[PDB]
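Undergrad: Structure incoming, see below.
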Amino acid sequence: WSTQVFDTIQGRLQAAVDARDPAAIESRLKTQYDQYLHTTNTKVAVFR
Amino acid sequence: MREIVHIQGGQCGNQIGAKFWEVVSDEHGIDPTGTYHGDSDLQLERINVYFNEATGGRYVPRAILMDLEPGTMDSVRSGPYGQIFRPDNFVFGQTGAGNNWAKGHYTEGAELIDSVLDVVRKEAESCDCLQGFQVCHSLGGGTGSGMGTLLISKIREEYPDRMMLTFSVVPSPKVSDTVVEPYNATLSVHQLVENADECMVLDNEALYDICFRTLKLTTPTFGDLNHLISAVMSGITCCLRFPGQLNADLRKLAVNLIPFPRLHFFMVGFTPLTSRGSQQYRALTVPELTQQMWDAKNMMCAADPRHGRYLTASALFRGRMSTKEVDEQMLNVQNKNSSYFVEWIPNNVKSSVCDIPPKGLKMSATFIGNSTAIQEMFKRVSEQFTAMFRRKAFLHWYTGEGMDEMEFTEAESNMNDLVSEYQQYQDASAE
Amino acid sequence: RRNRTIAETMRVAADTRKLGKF
Amino acid sequence: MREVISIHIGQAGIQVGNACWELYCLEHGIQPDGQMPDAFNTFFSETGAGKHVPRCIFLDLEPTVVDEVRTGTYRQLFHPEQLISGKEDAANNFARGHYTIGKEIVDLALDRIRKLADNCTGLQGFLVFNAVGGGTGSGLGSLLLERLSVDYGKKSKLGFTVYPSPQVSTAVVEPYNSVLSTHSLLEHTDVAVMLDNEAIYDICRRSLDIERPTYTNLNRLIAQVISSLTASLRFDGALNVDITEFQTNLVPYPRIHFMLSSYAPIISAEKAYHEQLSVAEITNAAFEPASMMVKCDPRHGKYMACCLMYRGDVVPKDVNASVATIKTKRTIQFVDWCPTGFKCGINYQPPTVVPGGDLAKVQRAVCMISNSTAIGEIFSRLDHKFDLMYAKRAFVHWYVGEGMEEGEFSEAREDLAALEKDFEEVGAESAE
Amino acid sequence: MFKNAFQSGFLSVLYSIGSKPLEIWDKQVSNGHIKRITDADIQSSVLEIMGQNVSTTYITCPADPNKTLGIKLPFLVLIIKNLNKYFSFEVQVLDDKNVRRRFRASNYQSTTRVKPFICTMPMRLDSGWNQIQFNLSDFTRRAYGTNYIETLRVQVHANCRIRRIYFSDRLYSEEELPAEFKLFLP
Amino acid sequence: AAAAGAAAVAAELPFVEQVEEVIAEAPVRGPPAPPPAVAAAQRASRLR
Ligand SMILES: Nc1nc2c(ncn2[C@@H]2O[C@H](COP(=O)(O)OP(=O)(O)OP(=O)(O)O)[C@@H](O)[C@H]2O)c(=O)[nH]1
Ligand SMILES: Nc1nc2c(ncn2[C@@H]2O[C@H](COP(=O)(O)OP(=O)(O)O)[C@@H](O)[C@H]2O)c(=O)[nH]1
Ligand SMILES: [Mg+2]
């Protein structure tokens, strides 16, 4: 079970994560959070 | 239980500090005789920050007065609120430095330094947990700019873990009150950059515009300027003496307002100022004080803050106010004009509140600014230096007291280094 | 004849100009 | 007997500490003097003690906020030995609170910890209240948390740290203190709960129509969040959530232990009568981003584990219906590896109201503590503030001179970047 | 010390090249560093003293403060590199009247000051490396009426690169200098 | 490799080598600040 399932899916996951370079994650999260703060600044409340 | 030693040097330091203890005695309820007559317990909760309890329950100020001419202490002692001080603390000379930095710092002031440092050491060791040493003096003179900076250098060696709140007035831009203002100012600022932990910058001309344009005093006397300066000094220490929702002591201000160890010169201003013709029309609210806080005309410094970026600004609010009004007004002042603030320090504003407003006002605030526009002040004095330095004019009075001319070049090359980093921090950008 | 902060770059070489101005 | 020892550190810790023990004493009927209201009654009141002393410690290096408690309306509830003061505050410096001047008081603080641990019969956990923006909350908080892991094992540590707002702050060295404190909460705190002051302001301004809120108004409802989460230990109910039930169901992985918070019925006194407050609509308003105590959009991330704690007369029939209505919404997104995503706790005691408090009397309330990948949104904004200030290396000579080295800045930053990577890896999904 | 161990001619008191350079010299640093660096032009290992403050960091030849040094020679020769920075050295002597007189030369002053106990001196140097020939007998005869007997303390508190500081009886140029004292090797 | 190093040293001038002694360091500075790109690459490798 380990070798067939868990090692394979963890290998895929860690390969994709190591492909993701961290500065891209901070840039994307900063842009999204700044968008949220801009909306809640210029707008009367945010509703789900 | 945090406590500040006051040291007043020179004619300017004695005259301003005489008015400074007028506010502090009135805020804590201490009468002209010295005895407590307050009407609230919160005044008496922290008296040991500035006053020592003596016999009869009256309180003497923790103030050391120094000047080489006996004329100034006669005015302080015989004047109102002059009997509160201790005559042993009146350590003072006879000959007179006379506007000479060499006489106050090397020859004539030195025979009194071992005497003034003896009574400062007595006041410092007796009390329990020190904060620092608040010193009020001038920079255009020579008796307070000279002897005061010798104590500041000497008291740093004895106590290196304590701070040095210095309130020093500078030469005025339009007028000179002494002919040797560029000599004494450059030679004292160099003695303050490595010794004083944080510096508050004042001048007479900025207070003259405040007294005329806002307070509408067409004949502003010599103590009216000192009253505005005294209100600033009490506003710096407001969180120590009284409680609050956000208390900020002296060390919190300097850890926030000083990004780099030599950028410790600050411009100050007291916010709720209005004339009696417009007292009944002013709506004293957090937006109203914040509008008057950030205006250039309210600052007590000659440098115009529109010219440079605020590296760090702090405000010491007082009064029963909501924090969110304090929060959202100082958030709004950054966003409306972000060119006038520095960009690589997010959240430039240090905000703190004290729940007890001063006597007579329902709301007050005291503003501290580390603006790089203050480099225009040092550039002007250094411009007045090189004009006078290149002819050796008024220089033999300084070198006649054993001083080398190296210390002149030592002084301004630290002054030129000080103005150089102010310019480079304004120009610097992140990413 | 012929990495570090701005304050440190000022402070390291400041004593050379302290000499040179005299 | 089940019990929790709380620790309140710093300015924000004990101002919440004044508010939390105000609500704690009213819940159990304890009077401000400490005594809950024929020969035995004379014996029980004077010679013996019917007095109840709190199991808290109020420590701060600045005495002004400590002696307010010693001279306030609750001077008799606390032991004089129990409240710890100091000479000089840490003064917005993680270096002072962790190395120089926090080292002298942390030895005295653990002695009163040892007396509180000996007084109790069976300990369950530790509550820590601090602010990660201040020096005492960050420095002495990290120092106390580091030492509490050494002497005490198998006893959980609960963290309620007021993290800085993204927009407004009351300090300038605010990014530095939070980055260094964050590395301690990852390493030494079992459960940490984010709190954001700007989000509490928006809850007070909008849902509770207070135009000018202060810290007394903020801490009154933060105390409502803290009192609700430990309320299953004090009072009985249909379904209980202990302090070890809380760990085992909201941390899927040891590094991810950051949870949000929400209180559903934030309704004023005037607006309460017109409002219909049933279980169906308070849970819909519980997940409302305007009702969260952290200024973040939960729709950016996806919830991993969520605990709905209820107070008052709530049947188990309708909390399950509120679970089903939330799970079918397309805006509330769960991660694919947690199908059973909710834990529901019911406490029969209705939420008490502080006299003079802003909140009204409601018979239903939800305290929603949820583990989400939207915490990495909060830490990314606080990271970018740290990177700009550390590039110029400003505000470092304060930290370097007072014991710390330069390498701790890069070490704590590198741990936070791992947490940014940790959320992006755990929150990843498997599809087809 | 160093009274019985008297050598004819030169007397080397500190040489940088060796297994242990700081054999007899006490060390003291405060916001500074002592660092044995091989320079560029000579490509030889020389000691370096650096500090942000001149008066804080120093090295003194007598390790214990109570103990004293003895050299009867009237010349002290130091080979130092000019760093375009502050330099400062200090030599204490015992004069004819058994009095301690401290001659203290520095780079941050331009006028000499003769106090009854301590004399302060200016120093001006050339561009690169340099040797300085402090004439003990001539300097003490110019400063005071007495004459040199022995040197009790030698101490450099500066920002400099030192190698080959020693004592000489009289001026000795390159062609009569001993084998290992050159630092130039023509 | 030695020939390449000698070719580099023929133009790189005599570099002041690190101290074998390092006798005293009062501030205890230790390691220096890395450059921006090198520090970002090293942090990315450590996080990978
Ligand atoms: N919710 C809430 N937050 C508070 C309160 N008081 C202070 N804070 C938070 O505390 C932060 C300021 O740092 P402090 O906690 O005051 O620092 P400190 O605890 O005094 O630590 P030191 O400055 O070293 O003495 C602010 O950003 C607020 O978010 C309060 O009463 N309620
Ligand atoms: N604001 C203010 N400035 C003062 C006061 N007294 C003196 N000064 C300033 O101090 C400078 C002269 O200082 P001086 O009296 O010579 O100081 P001394 O040399 O120490 O005696 C002038 O530029 C004045 O403007 C005062 O009471 N208030
Ligand atoms: Mg505090």
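Protein chains in written order, with the entry's author numbering: chain k, 145 to 192; chain AG, 1 to 431; chain K, 99 to 100, 128 to 147; chain AF, 1 to 37, 47 to 441; chain B, 1 to 186; chain D, 1634 to 1681.
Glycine included, C-beta positions come from ideal geometry on N, C-alpha and C.
(1) Around the C-beta of residue 21(AF), are 16 or more other C-beta atoms found within 10 angstroms, so that it is buried, or is it exposed?
(2) Determine the contact status of residue 312(AF) and residue 102(AF), defining contact as a CB-CB distance below 8 Å.
(3) Is it a yes or a no for the segment 389-401 of chain AG touching the segment 191-209 of chain AG, going by three-plus beta-carbon pairs under 8 Å?
(4) Flag residue 39(B) as yes if its beta-carbon sits less than 8 Å from any beta-carbon of chain D, otherwise no.
(5) Can you give me the Cβ contacts of residue 304(AF) inside the same chain, cut-off strictly under 7 Å, excluding the 5 residues immediately before and after it?
(6) Sorry if obvious, but does the Cβ on residue 293(AF) come closer than 7 Å to a heavy atom of ligand 1?
(7) Compare the C-beta of residue 99(K) against all C-beta atoms of chain D and say whether one is closer than 8 Å.
(8) Could you tell me if the beta carbon of residue 222(AG) falls within a distance shorter than 7 Å of some heavy atom in ligand 4?
(9) Grab me the residues of residue 9(AG)'s own chain with a C-beta within less than 6 Å of its C-beta, minus the 5 sequence neighbours each way, in chain order.
(10) Between which two residues does the alpha helix (DSSP H) containing residue 152(k) stretch?
(11) Quick check: what's the CA-CA separation for residue 99(AG) versus residue 178(AG)?
(12) Residue 310(AG) to residue 440(AF), Cα distance in whole Å?
(13) Could you check which residue in 1(B), 12(B) and 4(B) has the C-alpha nearest to that of residue 169(B)?
(14) For residue 126(AF), which residues of its own chain have a beta-carbon under 8 Å away from its beta-carbon, when the five flanking residues on both sides are left out?
(15) Just the chain K side, please: which residues come within less than 8 Å of residue 428(AG) by C-beta, in chain order?
(16) Under a CB-based cut-off of 8 Å, is residue 260(AG) close to chain AF?
(17) If you follow the alpha helix (DSSP H) that residue 399(AG) is part of, which residue opens it and which one closes it?
(18) Quick check on the DSSP output: the beta strand (DSSP E) that includes residue 381(AF) runs from which residue to which?
(19) Are the beta-carbon atoms belonging to residue 275(AF) and residue 368(AF) less than 8 Å from one another?
(20) If you count every other CB in all the chains shown that lies within 10 Å of the CB of residue 330(AG), and 16 or more means buried, which is it?
(21) Rounded to whole angstroms, what's the CA-CA distance from residue 215(AF) to residue 377(AF)? Just pull it up for me.
(22) Does residue 166(AF) come out as helix, strand or coil in the three-state DSSP assignment?
(23) Please list the partners that residue 338(AG) has in chain AF, where partner means a Cβ-to-Cβ separation under 8 Å.
(24) Within this structure, are the beta carbons of residue 144(B) and residue 74(B) separated by less than 8 Å?
(25) Should the segment 227-240 of chain AG be regarded as contacting the segment 142-154 of chain AF, the criterion being three or more beta carbon pairs within less than 8 Å?
(26) So who's on the other strand from residue 12(AG), going by DSSP bridges?
(27) Here's the rule: buried if 16 or more other CB atoms are within 10 angstroms of the residue's CB, otherwise exposed. What is residue 155(B)?
(28) Determine, using beta carbons only, whether residue 1649(D) comes closer than 8 Å to chain B.
(29) Does the segment 97-113 of chain B come close enough to the segment 1644-1661 of chain D that 3 or more CB-CB pairs lie under 8 Å?
(30) With a 10 Å radius around its C-beta and 16 neighbouring C-beta atoms as the bar for buried, classify residue 99(B) as buried or exposed.
(31) Where residue 1646(D) and residue 38(B) are concerned, what is the direct C-alpha to C-alpha distance, given to the nearest angstrom?
(32) Quick one: what's residue 129(B) bridged to in DSSP?
(33) Tell me, please, whether the CB atom of residue 1680(D) is closer than 8 Å to any CB atom in chain AF?
(34) Quick one: using the 10 Å Cβ neighbour count with 16 as the cut-off for buried, is residue 357(AG) buried or exposed?
(35) Using a Cβ cut-off of 8 Å (strictly closer), state whether residue 176(AF) contacts chain AG.
TA: Put simply:
(1) Working through the fourth sequence from its first residue, we reach residue 21(AF) at position 21. The residue in question, residue 21(AF), is buried, as its Cβ has 16 or more Cβ neighbours within 10 Å.
(2) Translated into positions along the fourth sequence, residue 312(AF) becomes position 303. Translated into positions along the fourth sequence, residue 102(AF) becomes position 93. In terms of Cβ geometry, residue 312(AF) and residue 102(AF) do not form a close pair [threshold 8 Å].
(3) Short answer: they don't touch.
(4) Indexing the fifth sequence from 1 puts residue 39(B) at position 39. Look at residue 39(B): its C-beta is under 8 Å from a C-beta on chain D.
(5) The residue labelled residue 304(AF) in the question sits at position 295 within the fourth sequence. Non-local C-beta neighbours of residue 304(AF) in its own chain, meaning closer than 7 Å and more than five positions away in sequence, comprise 174, 175, 205, 207 and 208, ordered along the chain.
(6) Working through the fourth sequence from its first residue, we reach residue 293(AF) at position 284. Relative to ligand 1, even the nearest heavy atom lies 7 Å or more away from the CB of residue 293(AF).
(7) Position 1 of the third sequence, counted from the first residue, corresponds to residue 99(K). Chain D contact via Cβ: absent.
(8) Among the ligands modelled here, namely ligand 1, ligand 2 and ligand 3, ligand 4 does not occur.
(9) As a working mapping, residue 9(AG) is identified with position 9 in the second sequence. So the list reads 66, 137, 144, 147 and 148, once near-sequence residues are dropped.
(10) The residue given as residue 152(k) occupies position 8 in the first sequence. Counting along the chain, the alpha helix (DSSP H) containing residue 152(k) begins and ends at 151-163.
(11) Taking the first residue of the second sequence as position 1, residue 99(AG) is located at position 99. Taking the first residue of the second sequence as position 1, residue 178(AG) is located at position 178. When the Cα atoms are used, residue 99(AG) and residue 178(AG) turn out to be separated by approximately 7 Å.
(12) To locate residue 310(AG), count along the second sequence from 1; it is residue 310. To locate residue 440(AF), count along the fourth sequence from 1; it is residue 431. Straight-line Cα distance between these residues: approximately 52 Å.
(13) Residue 169(B) sits at position 169 when you count from the first residue of the fifth sequence. Of the listed residues, the one whose Cα sits closest to residue 169(B) is 12(B).
(14) By 1-based counting over the fourth sequence, the position of residue 126(AF) is 117. Only 5, 132 and 161 meet the Cβ criterion.
(15) By one-based count along the second sequence, residue 428(AG) stands at place 428. In chain order: 131.
(16) For the purposes of this step, residue 260(AG) is taken as the residue at position 260 of the second sequence. Residue-level contact by beta carbon holds for residue 260(AG) and chain AF, with a gap shorter than 8 Å.
(17) Position 399 of the second sequence holds residue 399(AG). It spans 396-399 - the alpha helix (DSSP H) in which residue 399(AG) sits, taken as one unbroken run.
(18) Counting from 1 along the fourth sequence, the entry for residue 381(AF) is found at position 372. In this chain, the beta strand (DSSP E) harbouring residue 381(AF) covers 373-381.
(19) Within the fourth sequence, residue 275(AF) is the residue found at index 266, counting from 1. Within the fourth sequence, residue 368(AF) is the residue found at index 359, counting from 1. Yes; because the gap between Cβ atoms is below 8 Å, this pair is in contact.
(20) By one-based count along the second sequence, residue 330(AG) stands at place 330. Residue environment: residue 330(AG) is assigned as buried (16 or more neighbouring CB atoms within 10 Å of its CB, all protein chains considered).
(21) Here the question's residue 215(AF) lines up with position 206 in the fourth sequence. Here the question's residue 377(AF) lines up with position 368 in the fourth sequence. When rounded, the distance between both Cα atoms is 19 Å.
(22) The residue you call residue 166(AF) lines up with position 157 of the fourth sequence. If DSSP states are grouped into helix, strand and coil, residue 166(AF) belongs with the strands.
(23) For the purposes of this step, residue 338(AG) is taken as the residue at position 338 of the second sequence. Result: empty, since nearest Cβ-Cβ is about 13 Å, beyond 8 Å.
(24) Numbered from 1 along the fifth sequence, position 144 holds the residue referred to as residue 144(B). Numbered from 1 along the fifth sequence, position 74 holds the residue referred to as residue 74(B). Annotated as distal: residue 144(B) and residue 74(B), with beta-carbon spacing of 8 Å or more.
(25) Note that the segment 227-240 of chain AG does not touch the segment 142-154 of chain AF; fewer than 3 beta-carbon pairs, one per stretch, sit closer than 8 Å.
(26) Here residue 12(AG) refers to the residue found at position 12 when the second sequence is read from its first residue. Beta-bridge annotation (DSSP): residue 12(AG) is not paired with any residue.
(27) As a first step, residue 155(B) must be located in the fifth sequence, where it is residue number 155. Label assigned to residue 155(B): buried.
(28) Locating residue 1649(D) in the sixth sequence gives position 16, where the first residue counts as 1. At least one CB atom of chain B sits nearer than 8 Å to the CB of residue 1649(D).
(29) Output reads no: the segment 97-113 of chain B does not touch the segment 1644-1661 of chain D.
(30) Sequence index remark: in the fifth sequence, residue 99(B) carries index 99 (1-based). With fewer than 16 other beta carbons inside 10 angstroms of its own, residue 99(B) counts as exposed.
(31) Here residue 1646(D) refers to the residue found at position 13 of the sixth sequence. Here residue 38(B) refers to the residue found at position 38 of the fifth sequence. In a straight line, the C-alpha of residue 1646(D) is about 13 Å away from that of residue 38(B).
(32) Position 129 of the fifth sequence holds residue 129(B). According to DSSP, residue 129(B) bridges with 81(B).
(33) Here residue 1680(D) corresponds to residue number 47 of the sixth sequence, with the count starting at 1. It does; some Cβ of chain AF falls within 8 Å.
(34) As a first step, residue 357(AG) is located in the second sequence; it is residue number 357 there, counting from the start. Residue environment analysis places residue 357(AG) among the buried positions, since at least 16 neighbouring C-beta atoms fall within 10 angstroms of its C-beta.
(35) Numbered from its first residue, the fourth sequence carries residue 176(AF) at position 167. Residue 176(AF) belongs to the set of residues whose beta carbon lies under 8 Å from a beta carbon in chain AG.
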